[PDB]
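Protein chains in written order, with PDB author numbering: chain A, 1 to 57; chain A', 1 to 57; chain B, 1 to 57; chain B', 1 to 57. A prime marks a further copy of an entry chain. Note that CB positions come from ideal geometry on N, CA and C, so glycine has one too. Everything below concerns the one structure shown next.
Spelled out as structure tokens, the structure:
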């Protein structure tokens, strides 16, 4: 599996079967962006995971 | 597998075979702490993962 | 003005008239802790700011 | 003073005399972007602060 990871495409470890992408703003001037390979999402974050190459663009 | 996750103990998803704990300070007044279940660590973060119950305390 | 800043006590710059302390969980495994000298808070966070020495313990 | 703040232009509080913009990667999958009005920078980050309208694009 390959995933986007902040400007590059990376090959996942064999135990990471998903790509992930999520973002949040804890404060109006601070953005946090999570993006890369991952294991399964929580159910509440089900749509933040996908499992095909480069799907988390 | 069970891991600490910021004050609680959680049961990992079956595809998460590790517990993880890492911290960083991007600025002197900001601490980020990552703690919970995970998949395998990067080699550069090898000692941030462990694979026994509650090992990431 | 002096403020706590992650285990230490620091002297604020003269244009920073507040101390600040807040914590949150942008993601379930990620804890953010913001503590130290500060300029004025947003209106809704006015109680996270204080203006007396070491008030942000 | 007016500053960029993640896609918008905002007016600073009167005690915030600077605009700020910086980004970093605390962890390989985590990008942090800090942009908006600010008090004075740390000495080593003096070039991340500026004091003219919209200077932090």
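Q | chain B' contacts from the segment 4-16 of chain A (Cβ-Cβ distance under 7 Å) | A | 5, 6
Q) How about residue 42(A') and residue 28(B'): do their beta carbons lie closer than 8 Å? A) yes
**Q.** Listed by chain order, chain B residues near residue 131(A') by CB distance under 7 Å
**A.** Only positions 1 to 57 of chain A' appear in this structure, which leaves residue 131(A') out of reach.
Q: May I ask you to report which of helix, strand or coil DSSP gives residue 52(A)?
A: coil
Q: Could you list which residues in chain A have their beta carbon closer than 9 Å to that of residue 27(B), in chain order?
A: 22, 24, 32, 34, 45
(Q) My output table needs one value for residue 46(A'): the three-state DSSP class, helix, strand or coil. (A) helix
Q) What are the partner residues of residue 21(A'), as DSSP defines its beta bridges? A) 35(A')
Q) Hey, would you say residue 20(A') sits closer than 8 Å to residue 34(A'), going by beta carbons? A) yes
**Q.** Best match in 37(A'), 44(A'), 32(A'), 45(A') for proximity to residue 53(A') [C-alpha to C-alpha]
**A.** 37(A')
Q) Ends of the beta strand (DSSP E) at residue 8(B)? A) 8-11
Q | Own chain partners of residue 17(A) with C-beta closer than 8 Å, once the 5 adjacent residues on each side are dropped | A | 1, 39, 40, 51
Q.
On the criterion of 16 or more Cβ atoms from any shown chain inside 10 Å, does residue 48(A) qualify as buried, or is it exposed?
A. buried
**Q.** Helix, strand or coil at residue 59(B') according to DSSP, with G and I counted as helix
**A.** Residue coverage of chain B' in this structure runs from 1 to 57, which leaves residue 59(B') outside it and unanswerable.
(Q) So for residue 57(B), helix, strand or coil by DSSP? (A) coil
Q. To which residues of the same chain is residue 32(B') closer than 7 Å at the C-beta, ignoring the five residues directly before and after it?
A. 23, 24, 26
Q) Under 8 Å between C-beta atoms, does residue 40(B) make it to chain B'? A) yes
Q) Do residue 3(B) and residue 46(B) have their C-beta atoms within less than 8 Å of each other? A) no
Q | Separation of residue 12(A) from residue 11(A'), as counted between CA atoms | A | 23 Å
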